[PDB]
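This document contains two forms of one protein chain, each encoded as structure tokens and listed individually as structure 1 and structure 2.
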Structure 1
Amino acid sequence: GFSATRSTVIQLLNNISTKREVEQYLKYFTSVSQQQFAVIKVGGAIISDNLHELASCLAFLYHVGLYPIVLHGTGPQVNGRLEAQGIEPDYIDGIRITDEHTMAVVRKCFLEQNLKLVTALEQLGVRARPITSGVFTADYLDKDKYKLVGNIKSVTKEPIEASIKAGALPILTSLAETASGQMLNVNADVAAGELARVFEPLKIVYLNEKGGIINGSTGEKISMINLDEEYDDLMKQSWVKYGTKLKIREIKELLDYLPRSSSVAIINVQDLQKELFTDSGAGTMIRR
């Protein structure tokens, strides 16, 4: 699967002092099966604001023979559509309350974002498959409270494995279905975790536009978190917000389930290579 374009060669010659790190991390990521390298979660905003960088970083991985499983959201675009129509979005515990009309908007938005990412990759000569259904099976998280929102109960691996075996990056929406075919909205961070539990990749990467987790009291970027030692302390800290406290609790539960060779990385999309192919990385890594 390794086939370096001119662009790939140029990117590989970044931070040449780390070239032995680069070759070691390439070798490592390549040693496991093609479906156990990485789950990469993409925030919806990246597809609207930073599509070239997102497509380029995924093309880099593709061209060096790596097949990340790509799972994206679409939240900001949904809020845009709702707003144009005069409708305010509504969340509880960071989860969108999704009635029938809202689900219609969520579906349309997911499909548009999905095809945009797929097409941007194909324009770079990267084979990509839109996987928009048939992967996540769910029941209702809480119908009275969230309406059409899912709690994922099983994952069907076949579409992702087939894509990778055919030489195409699988590009998934985080939309789930009940077994009987009612589509149910699921938060992208949550859907990514479920993929990770089933595929057990070496890496789960959460891409954003803000960077890694920053310490409020000291202002410094948090490079690493050994969760066995630090979790109890970090959650006590009064600087961490509710939105950050929610993400970190579901990361803790994921890494408790996964083996210790798995790890999480929260990074700016433009720091993907630096995070993955150097010792010190770029954003926040989280180990158990």
Structure 2
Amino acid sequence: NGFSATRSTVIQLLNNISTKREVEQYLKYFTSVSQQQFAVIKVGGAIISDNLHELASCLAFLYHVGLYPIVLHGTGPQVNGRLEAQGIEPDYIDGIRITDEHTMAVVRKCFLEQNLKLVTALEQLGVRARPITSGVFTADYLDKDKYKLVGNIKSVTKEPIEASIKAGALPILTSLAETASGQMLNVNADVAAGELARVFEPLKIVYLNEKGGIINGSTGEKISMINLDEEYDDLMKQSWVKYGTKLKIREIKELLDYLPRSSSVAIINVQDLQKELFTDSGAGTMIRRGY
């Protein structure tokens, strides 16, 4: 809601504008009376460890121009770092972490740390943020025998996210879910973000990763656009598509079958976020249902 452009906000806004067209684009967003949620942004765990300042800076820009994102982040790399320090190797199937009781302890502790890290970086920039670490995702077991403490999300409770935004604070969420009776269950961040998007139907849906999209492994070329109805089935049969990419793309396809056809998902690097959000950039991989 609250628009308050600091010196850094003004510089961020102007520094890459070069045309009337770009100016007009920003004017359209700043004069908008829409009540639609602006954005759900999924943040790769690696970005919080490697690229915190940059992440905090673009989130701060959005905050200062009154366009609050719902932010959901992962924690995969730092979990593997802790397990390795303890002489334990991680285990996945279908891109999903097999999560026994000891692994869940590490996952929970790492999520809390990395969540607070991001919230604090934001507060150090004068951006109000709330760590939302429980009470959003209710889940049952995806498959206890196979994955152990891994959740299948059944419902999203919106009130803590909306209360945060209403209070003027960015809601910063982990992908942890809970059963009704309170057993925490690990969920993949790509999946949890998609559930948020499903229920909020935001203007913008963004997945931030380091590669800045999805890279065709046979050619090495970045895939600019994916038309799911045409390309999904045979894209998934390609042997270069890694488990994590397969999980990501499956979730997005399911998400976009629910959302209206006007919705889309951008998979992009954080340095290209502003131009993709505001000035209609072709950076990253854009994914839509299509025909």
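In this text, the rigid core denotes the largest set of C-alpha atoms whose superposition between the two forms falls within 1.5 Å. Sequence positions of structure 1, starting at 1, serve as the residue numbers.
Participant: Which one of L61, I47, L258, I225 is the only residue whose C-alpha moves by 2 Å or more between the two structures, after superposing on the core?
Facilitator: The one that moves 2 Å or more is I225.
Participant: Against the rigid core, is the Cα displacement of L148 between the two structures at least 2 Å?
Facilitator: Comparing forms between the two structures, the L148 CA shifts below 2 Å.
Participant: Classify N215 as shifted (yes) or not shifted (no) between the two structures, where shifted means its C-alpha moves by 2 Å or more with the rigid core superposed.
Facilitator: Where the cores coincide, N215 still shows a C-alpha shift between the two structures that is 2 Å or more.
Participant: Classify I267 as shifted (yes) or not shifted (no) between the two structures, where shifted means its C-alpha moves by 2 Å or more with the rigid core superposed.
Facilitator: Shift at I267: below 2 Å after core fit.
Participant: Core overlaid, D279 C-alpha shift between the two structures, how many Å?
Facilitator: Core-aligned C-alpha shift comes out at 2.2 Å.
Participant: For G181, what C-alpha shift in Å is seen between the two structures once the core is overlaid?
Facilitator: Superposing on the rigid core gives a C-alpha shift of 0.1 Å for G181.
Participant: What is the Cα shift of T30 between the two structures once the core is superposed, in angstrom?
Facilitator: Superposing on the rigid core gives a C-alpha shift of 6.9 Å for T30.
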